[PDB]
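Visitor: 3D, please:
(chains A, B, C and D, ligands or ions: 2)
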Number of protein chains: 4
Amino acid sequence: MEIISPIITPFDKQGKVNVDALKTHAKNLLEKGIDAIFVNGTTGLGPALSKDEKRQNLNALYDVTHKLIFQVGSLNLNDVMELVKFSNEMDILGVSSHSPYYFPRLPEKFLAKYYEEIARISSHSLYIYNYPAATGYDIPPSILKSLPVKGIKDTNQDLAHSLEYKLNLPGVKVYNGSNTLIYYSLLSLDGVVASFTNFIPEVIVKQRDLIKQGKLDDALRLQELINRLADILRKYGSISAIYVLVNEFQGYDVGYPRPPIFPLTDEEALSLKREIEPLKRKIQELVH
Amino acid sequence: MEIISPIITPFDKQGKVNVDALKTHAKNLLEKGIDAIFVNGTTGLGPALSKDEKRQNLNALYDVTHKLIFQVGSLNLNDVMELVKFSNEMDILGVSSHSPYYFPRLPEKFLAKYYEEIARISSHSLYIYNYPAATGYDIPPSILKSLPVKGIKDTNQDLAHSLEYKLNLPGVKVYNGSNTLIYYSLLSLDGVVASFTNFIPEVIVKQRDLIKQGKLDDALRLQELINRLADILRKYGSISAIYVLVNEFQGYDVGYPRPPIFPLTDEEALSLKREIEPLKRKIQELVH
Amino acid sequence: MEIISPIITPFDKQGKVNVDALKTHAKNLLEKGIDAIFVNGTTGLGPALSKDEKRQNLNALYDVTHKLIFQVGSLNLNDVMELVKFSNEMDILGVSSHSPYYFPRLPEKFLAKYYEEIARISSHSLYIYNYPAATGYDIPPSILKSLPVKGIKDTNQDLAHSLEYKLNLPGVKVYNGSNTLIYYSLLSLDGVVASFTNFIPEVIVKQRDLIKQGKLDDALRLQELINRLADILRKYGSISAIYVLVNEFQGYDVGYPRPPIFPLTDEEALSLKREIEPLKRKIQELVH
Amino acid sequence: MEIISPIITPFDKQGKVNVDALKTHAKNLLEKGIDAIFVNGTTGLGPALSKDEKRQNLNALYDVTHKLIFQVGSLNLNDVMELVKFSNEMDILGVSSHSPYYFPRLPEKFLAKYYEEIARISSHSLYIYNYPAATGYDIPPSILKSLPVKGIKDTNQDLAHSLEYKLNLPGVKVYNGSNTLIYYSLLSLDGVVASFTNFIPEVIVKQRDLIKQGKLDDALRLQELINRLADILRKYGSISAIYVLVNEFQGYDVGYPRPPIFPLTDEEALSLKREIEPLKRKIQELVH
Ligand SMILES: [Mg+2]
Ligand SMILES: [Mg+2]
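Guide: Numbering: from 1, shown residues only, chains lettered A, B, ... in the order given. Ligands and ions are numbered 1, 2, ... in the order given. For reference, the structure is listed below:
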């Protein structure tokens, strides 16, 4: 049961990526039980990162671990291809991309051709990043049956949808990307790619371990807490909230996100800490 | 009644922008009655264009006309600010941006702050580009009441939604961006920003003129034809279809779009021409 | 350009239909220029009415006029058929039905069979009542080409959707059901079936006559005020608000709606009346 | 972990409910391990049933068992109240209702008042039937904190939505209604109210018992086959397919559904039976 972290990309006050905080943060997650790192995913501001930034994120993480899934999506297939050729030169877990996005009403064959070109050029295992709420498109198994897919990261609240990939694509690994369904994913899928692993890795790791021991109720109870957190963070902007919580829960600074993904202001950050305090107490009591 | 064209960005077979075709195309549209050009909009592959490409599009068009609305949106407010400072040095109609996109569940204050920063730095009239089907966010008048908005381009099938801007924001110009509602927009709003002006400008211009003369039925009949075209193009990918039709209807080449906005293949292009032929006949009979 | 009214169904405080009030109201409506009355539509609480209540509404109204379109939808086709046979013996304009509702994921063929059965038994002109937002289903022209459809009431905010019927179904009368698009419908379709005709019939009849005279600015001005009323009524429940407003604008009691469509409390009614006061004065200053 | 069955309502070819078939079916279901029967739910064509048909279903079933949850929803609260007073004199598990439906844009307070009225008169435990996809409304815990709710059936694909009830409503029993999430519900909620219990009760009772024994791999394997059945039944209409399958799997006639919920034709029934043959053999090879 794989616990993958869509690692955040630390930015400094001027919006420049801080590769040193990225490395510090990555080491801590690995050390705390995270099995692999999804680089440049939604949580790492993927589509907000230029091609050079995506590449620099992979280079910096490659010093910490080779268990990296490199997300290379952009609205210019040339830049996507460039990153792929670059990644073929490295020893990583695989390359990934979300579907084309923004543009509405694109034919389905456009989605199929995009990935088909990634597969033609890549020498790495293909990981499909399916996030309909973000891209506006759901990638069905129809399209994937041709491609040499190794894994699918499915950010979707419908578990049967994730499970349908398992069913229709023998051999492919499926991981659900929702924080509020971790428990369920660990009881049916090949793992999770959950953003909350950035600030509470030991908690998600504890869920997996409790499930391996057969203590579901303990795992479920931890999910209640995770879900209550989810509700609180929505108000402040989840991704921007995570930056604050990584400092609070893990003891080191990971900077700020980059606008339009606005950082929480000091009044907002303090308001968040006050509001999650009761949940933090409960968590650190059941996990440590 | 303003007829604005979200001009396409011509790309060559290698995906490099062709500024010469852009200039040729722009001259023809102006010559045929288009009042202003929306640069780097959805139809011009805005979010697919790098900041340098957005700038090069404005520079090239600035030789043809100063009636330019410069769209500068990207998922890095620094790059957005850069383009804005650059545009303040020029004599244009204004600067515009769609809302932040891709990232779902961003607080509303994030949308308000993004535009508020554009307004703080820009010395040009602010044009709000509202396209919910593409960005995932609807920009309500609540947020715009603070900002110094000159115009709103509202791509939305609900005309009452566009008309609500008119109502709630005295003095602001509102233009609807739907091809299938042109007729209605010309009878209630300040104009249109319609993608179909790229290949049938004389037709949309004719609608406005027939309406100024009081010949609504003639304008409406032209809308029937436009709508039938809309249905046919959806199948092939509207934006990609437009590139083919600009050659067919206007007699000059505007290249191809850039993948993931895939160009129509030769079999698809011929299939499109065969399928719209009856509509072209009818159009050129009522317009010339 | 026709103005059809989806007349409300007056109920007394015990949830019993008030036939006397229904007749007095219809009488006023026809006198004020309403072209026809649509019985048991959404505004008349159609699906909340029993077989017999639908029947007794037609009977009550048949003592007042012959310009009636009889909606007979329910989730038991046997009951729909009974109502159809009942109306076959009456000299009214036509019979109508919205699509099956509530049940999600019903195959399209079910929608076709529902209507084919109505057409097979009805000796009256068929009126299709399309209200996707209420039923969860959109009736496409595909299905309608097989049926002897005379008219379509399309309650849809996409005016292009209503306009598409005109194109694919030659000779069929198309009316749009939105109050916020009345102006546009009178400029392109066969008419409107708007709930607001219940309390401001003269206003909508004035829009029709002003447009007939080429005074579009004055008709659009009235539309702006209608759309402002629409925003206000949503807080209170539109159908429920209409009852209070009929009394307020027309001078007679039309009773109360029947819960789950709750009547406005005394307090809510005064609140409503205060909000619309400024709009009522501007309206009564332009109409008459 | 409880397995509640939303029992279908058998109709004869004339659209008359077949009480004898209803009793024979319920009898088999209880014998096969079903914990309780939910009467007049969606699967039982609840909203398509008249006041009297709902009543006669409860009466028929009351001669067979006392484990009945009585759903009484209609769009006339007077009728809902009558049904509630009727059931007050019967020794059943509880009374239930889905939210008002059809009418869009009804204020939330209407939903609260609908339920407050039921609670004010019912002398039975209250069961909230939440089915946003059918009614167009989601009942939030906000409303439920004021009511003496004993249970909630949540037909929702977001398992997190069902789980949120457990959190905000201590002591309330929560069941999920999806067939495709049965496995997950049995691992986190109080049970399931799944339509498939009608034709494969032993399969779902087996999942419950396997999970009770810690054999999750075997319960998930059965879930995979259930989800494949779900895909197949959608083509034909799930509720309508269930009738054919009950006969096929259980050995007795449960008649036909009543149109607009059309029965499968002879041809469609054979087609359905062929598609599910491979799945039936794999199922009957794992159950018994
Ligand atoms: Mg009579
Ligand atoms: Mg008895």
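
Visitor: if I look at the closest residue to chain C within the stretch 1-150 of chain A, how far off is chain D?
Guide: Closest approach between the stretch 1-150 of chain A and chain C, counting by CB to the nearest CB: residue A:105, at 14.1 Å. In this view, the C-beta of every residue, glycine as well, is placed from N, C-alpha and C. Remark: distance between residue A:105 and chain D (CB to the nearest CB, to the nearest Å) = 24 Å.

Visitor: Just give me the neighbour total for that residue.
Guide: Neighbourhood size, residue A:105 [other CB atoms under 10 Å in any protein chain shown]: 12.

Visitor: The one 4 residues further on now?
Guide: Counted by other CB under 10 Å, the residues lying close to residue A:109 total 15.

Visitor: next one: residue A:240
Guide: Residues near residue A:240, counting by other CB under 10 Å, number 24.

Visitor: In contact with the residue of the stretch 1-150 of chain A closest to chain C: list those residues for me.
Guide: Contacts for residue A:105 (CB atoms under 8 Å, 6 or more residues apart in numbering or on different chains) come out as B:234, B:237, B:238.

Visitor: show me the contacts for the first one.
Guide: Going back to what we said before, that points to residue B:234. Taking CB under 8 Å, 6+ apart, one finds residue A:105 in contact with residue B:234.

Visitor: can you tell me which of the contacts of residue A:105 lies nearest to chain C?
Guide: Of all the contacts of residue A:105, chain C sits closest to residue B:234, with 12.3 Å by CB to the nearest CB.

Visitor: any idea how far that closest one is from residue B:45?
Guide: Using CB to CB, to the nearest Å, residue B:234 is found at 18 Å from residue B:45.

Visitor: for residue A:228, same thing?
Guide: As judged by CB to CB, residue A:228 and residue B:45 stand 42 Å apart.

Visitor: Comparing these two, which residue is more hemmed in?
Guide: The residue with more neighbours, out of residue A:228 and residue B:45, is residue B:45; 24 against 18, by other CB under 10 Å.

Visitor: and residue A:104, what does it touch?
Guide: A:136, B:133, B:134.

Visitor: ok, for it, nearest residue in space, not its chain neighbours?
Guide: Once flanking residues are discounted, residue A:104 sits nearest to residue B:133: 4.7 Å by CB to CB, 6 or more residues apart in numbering or on different chains.

Visitor: so the one you found makes contact with residue B:158?
Guide: No: the criterion here is CB atoms under 8 Å, and residue B:133 misses it with residue B:158 at 11.2 Å.

Visitor: Looking at these two, which has the bigger crowd around it?
Guide: More neighbours surround residue B:158 than the other of residue B:133 and residue B:158, with 20 against 15 (other CB under 10 Å).

Visitor: and residue A:152, what helix or strand is that in?
Guide: Taking DSSP states H and E as the definition, residue A:152 sits inside strand A:149-154.

Visitor: Can whichever helix or strand comes after that strand be said to contact chain C?
Guide: Once the chain leaves strand A:149-154, the next helix or strand it forms, by DSSP H and E, is helix A:159-168. No: Helix A:159-168 stays clear of chain C (CB under 8 Å from any CB of the partner chain), getting no nearer than 14.1 Å.

Visitor: How far off centre is helix A:159-168?
Guide: Counting by CA atoms, centre = their mean, to the nearest Å, helix A:159-168 is centred 19 Å from the centre of its parent chain.
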